[PDB]
């Protein structure tokens, strides 16, 4: 028979309906000491009553209009589910015990149970609010069609919003039923496809225990993420919100699904300091003329067909039929969600479901023999119509709304729809919560072009304007790279500085970069500068300071030669071998010239001659000075033999292993020296040793004859010059052995100039002075 409380009217064709007039059942749990009784409902639902009114209005208008079903009256039989499976199953047993269509339930689990029962007898069921993707399976739910889309697009939209605002550190919360779980799974898949890290994920219910509530609250508090995505309804979300308000946890960003984005259970001013600035999804609104007047024309006395109106009035005016009420009140004098609304969405879905059933019936009525949807093109009988025939016509139906929009059901009985994005604000007039549109979501568009948000219209946490931060890690700038933190996701990391020789340019770099082998890292490891070249050369202090002196010395020896040629007749110049003084002076010229190879860029030919040139010149000079004394042509044989021995040594050295240039970068890694090694060391030792031996022989021979004052005391000055040569060579040995930079080149030229100047002066100063 069904529950006593009902709405019912008599007609030729009867329609069923299920609406949640209450929010749930009483908390008392029976221990089965006595006979179980009927469980009672506790809280009222003005929105659900409005939905029921919408269905009744649609049926009454259909019966009024003589263009949809002439000569045919439609009846209804509507019950209350109280948001629970047990009460909705009792009514469905009365439906199948006749109705040809049922306007479905609100919750997904309730709709699943009702559809399981109703598909046994092929009674079509049109739901207005159940959006679970599990109801699209046509192998299980053979009679289920709906006027609302499923939540795959809504989860994709949540991921799109998260990617738009550039967050990667979020938490999720879902209700423990067929609405929350599939939605949170689809969101998890999309988020992991978009590289988003989820911190925690918990479940809740309207009948959750205190320990579970505390545990969820403590997880939320212990987490460091700020954005929380919630897939639930108001009845299942209220206890957690109450506990969170009690614990005073603020500063979080909420992303709501459509089921509670506009719920009056949560949108309370006492909670606004926690759930302010909420961003959610809301479906498209429709328009139904005359509906508000129909709603305000309710009365427990003239609504004989309706039964819930008595309890409606009692819970509206707080009376009984706690003072007694005369029934003369006004619904406009009390503030309830009943007539206080701005947009109708699920009421419009109710309207659409009723009109879908009516249009299928009219399609059955109109068809002509031979042009049918049944076997042999036959046409159904309107006076004996059946539920399966109505279901077939519903699966082959499309029509046009009152706004000119076209309604078509797909192969899964699903429709396609648009979403809108709203933000929660505080009304400055009375402190109530107002829902302000800030965007939308387009489903007919392509991937990546479905979402539009006006950020300037969004208030964050209710009273701010700066986009929040939820990332688990502050990005580190150039010159540093990311480092793994163990046991944590990829979104959380530490940054460390890049070492020498490597650098990073772009932010959020996972590895430093090495510059090619002519560069070095900067001071901050952001750009690799050029490797500085360093070597003694011209246009530099030491180079000019040394060649200017080389030019001065070459001019001095040229002048000396000029004085000698001019005075080629004075007897003082005579008895000093004219054939050997010129050779000595020209060798001095050559030594001064060879002192110029040591300064410059070390090409492969400068370093093949810079040493042998000076060796040859000095051996020639010492050979000249070792025979110039008459206490010994045949004298030219000595200079020729000495110079030829030296030349032989240098040529065999150059044949076995010529020296070459060398770019040096091993001593230091920031500056690269271009200094040329000598190639071989035994031959260099030969070259040095021959000259040192000749110098020693000359020193000994001159030390033999110091006392003689003939020839202006030649031997003493010879000893002086050989001495200065020897000490100036000995002094710089550690510098020669500690080759570091460009100082080694300078000391070579210093020694060359010192020795040559000493020899020239000690030989010719007195001779020129007495001459002039």
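Each form is matched to the other, and the largest set of C-alpha atoms that superpose within 1.5 Å is called the rigid core. Residue numbers count along the first chain shown, from 1.
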Comparing against the shown form in 7 other deposited structures of this protein, which stretch has the larger RMS C-alpha deviation after a rigid core superposition, 464 to 472 or 497 to 505?
497 to 505
After superposing on the rigid core, the stretch whose C-alphas lie farther from this form in 7 other deposited structures of this protein, comparing 604 to 612 with 423 to 431, is 604 to 612
Among the other entries that model both neighbours of residue 632, does it go unmodelled in a third or more?
yes
Continuity check for residue 321 and residue 322, given as deposited residues lacking coordinates between them:
10 or more
What number of residues from the deposited sequence go unmodelled in the gap from residue 632 to residue 633, classed as none, 1 to 3, 4 to 9, or 10 or more?
10 or more
